[PDB]
Amino acid sequence: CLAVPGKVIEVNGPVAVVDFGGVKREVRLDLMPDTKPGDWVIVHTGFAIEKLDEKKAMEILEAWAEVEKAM
């Protein structure tokens with residue numbers, strides 16, 4: 001919905017491929033260089049700015065679903 005987490009599926013140096021609901025995008029990892037496939041990330045202007053796990057990604061999606069329903 002807005003800055004929704006994506007799943008890191010590939011890492012090549014400072015560039016990752018990250019899957020956002022089926023749509024893969026290239027994402028820069030310079031700010032989080034330890035990121036690995038299987039991690040989740042929040043992305044701002046093409047750069048991963050937070051690394052998170054699946055559990056937290058789920059909770060964020062649940063919150064979005066809730067705010068959207070509430071509005």
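Throughout, numbering of the chain's residues begins at 1 and tracks the sequence.
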Taking side chain as C-beta onward, heavy atoms only, is [X] less than 4.5 Å from [Y]?
X	Y	result
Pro37	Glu10	no
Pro5	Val43	no
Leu29	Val15	no
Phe47	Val27	no

Heavy-atom pair with the smallest gap, counting every atom of [X] and [Y]:
X	Y	answer
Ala16	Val8	CB-CG1, 4.1 Å
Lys51	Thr35	NZ-OG1, 3.7 Å
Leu31	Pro33	C-CD, 3.6 Å
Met32	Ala48	CG-O, 3.5 Å

Go through the steps to decide whether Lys56 and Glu50 satisfy the test salt bridge (charged side-chain N to carboxylate O under 4.0 Å, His left out), and finish with yes or no.
CA-CA 11 Å; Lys56 191 173 168 180; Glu50 185 182 335; 2.9 Å; yes

When you look at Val17 and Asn12, which way does the side-chain contact (heavy atoms from CB on, under 4.5 Å) test go after all the steps?
CA-CA 9 Å; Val17 180; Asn12 181 2; over 6 Å; no

Say you draw a straight line from [atom1] of [X] to [atom2] of [Y]; how long is it, rounded to the nearest 0.5 Å?
X	Y	atom1	atom2	answer
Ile49	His44	CD1	NE2	4.0 Å
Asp39	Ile9	CG	CD1	13.0 Å
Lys24	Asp19	NZ	CG	6.0 Å
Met58	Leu52	CE	CG	12.5 Å

For the CD atom on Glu54, are there more than 12 heavy atoms of other groups (residues, nucleotides or ligands in this structure) within a distance under 6.0 Å?
no

Apply salt bridge (charged side-chain N to carboxylate O under 4.0 Å, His left out) to the pair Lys55 and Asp53, showing each step before the final yes or no.
CA-CA 6 Å; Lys55 180 166 179 188; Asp53 65 6; over 6 Å; no

Apply the test side-chain contact (heavy atoms from CB on, under 4.5 Å) to residues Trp40 and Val18: give CA-CA distance (whole Å), side-chain angles for both, the deciding distance (0.1 Å), then the verdict.
CA-CA 8 Å; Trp40 292 72; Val18 179; over 6 Å; no

